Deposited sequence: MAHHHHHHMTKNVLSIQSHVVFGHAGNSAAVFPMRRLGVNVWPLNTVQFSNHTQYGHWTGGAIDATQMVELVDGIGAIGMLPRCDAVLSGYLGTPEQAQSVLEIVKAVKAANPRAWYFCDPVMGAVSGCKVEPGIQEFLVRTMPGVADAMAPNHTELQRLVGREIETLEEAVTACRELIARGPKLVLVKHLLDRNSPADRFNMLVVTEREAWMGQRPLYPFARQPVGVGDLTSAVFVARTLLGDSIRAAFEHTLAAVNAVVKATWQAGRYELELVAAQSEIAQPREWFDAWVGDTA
């Protein structure tokens, strides 16, 4: 039996961002994905211009109503959200998660709190109470606890403070460590009982590829649904992101080499061992 994730993110026709970065890696790992596209744009916004449009917040919920009407919502094992442009879209995600958990009480919500008036406020004040897992980057974690974080102890303490508000797991998808060499890319994952740090090479780019955070959350969600332990899912995520970003760097590209490097999403060749962060 194949697991199912409802992924509620942006769609771009060209390139990779949002669902265009997240759906294929999760499928390639062996998990089904129901992509609810909150927008359809020609390309991601870091090119500086794009065409297309967003669906409205009520239409998001209506799509999930349709899935419910054909009897499929109990099959949803997880909900994943990432960048949302408006608080109205975030409210629809809340409504959708409630509907999914009513149909399947075992379902969990993985909120990647990517940070219009009200959207930072929504992610900080409201989403922790409904998310089973959150995946902030370093600056998003600082906003979630309302203070600066520069040590590993401060990072773990902050994650545990956020966990006390509801989430059972915090994935710091990029951790800044003032004591770490500048050519290393650090990550951290924390639960009530566990804390794991990990590190991969940082590849240099003139402009940062879009979608690395979306890929990170997607691989972690898929490996978790496939039954990995916290540490195993974390290490596979670190290694898979390493493989894709390395391949992007090696080819001198800007858009992630997701299709070209797909074998190493599923079976990364270069592995990085996590270490105890507590």
Checklist outcome for this item: Gaps vs the deposited sequence (1-based, no CA atoms) are 1-8, 124-131, 295-296
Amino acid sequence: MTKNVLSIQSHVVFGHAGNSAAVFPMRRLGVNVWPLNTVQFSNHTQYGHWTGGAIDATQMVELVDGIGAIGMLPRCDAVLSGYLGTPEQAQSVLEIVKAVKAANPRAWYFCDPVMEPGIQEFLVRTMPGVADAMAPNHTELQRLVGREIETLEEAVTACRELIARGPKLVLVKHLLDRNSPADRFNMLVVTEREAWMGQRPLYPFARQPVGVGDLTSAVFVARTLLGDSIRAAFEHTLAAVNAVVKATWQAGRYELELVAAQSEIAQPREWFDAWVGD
From here on, numbers count along this sequence of modelled residues.
Checklist outcome for this item: For 136-144 versus 152-160, entry-based mean Cα B-factors point to 152-160
Item to check | Between the two ranges 175-183 and 188-196, the one averaging a larger CA B factor in the entry | outcome: 175-183
Item to check | Deposited CA B-factor, highest of 235, 56, 65, 214 | outcome: 56
Checklist outcome for this item: Per the deposited B-factor column, the C-alpha that peaks among 72, 100, 169, 206 belongs to 206
Checklist outcome for this item: Tertile call for residue 95 (CA temperature factor, within chain, third-based) is the middle
Checklist outcome for this item: Assert third(CA B-factor, residue 43) within chain per record equals lowest
Checklist entry - Should residue 253 be placed in the lowest, middle or highest third of its chain by the C-alpha B factor in the entry? => result middle
Checklist entry - Looking at the C-alpha B-factor of residue 32, is it in the lowest, middle or highest third of its chain? => result lowest
Next on the checklist: Using the temperature factors of the C-alpha atoms in this entry, rank residue 231 within its chain: lowest, middle or highest third.
Outcome noted: middle
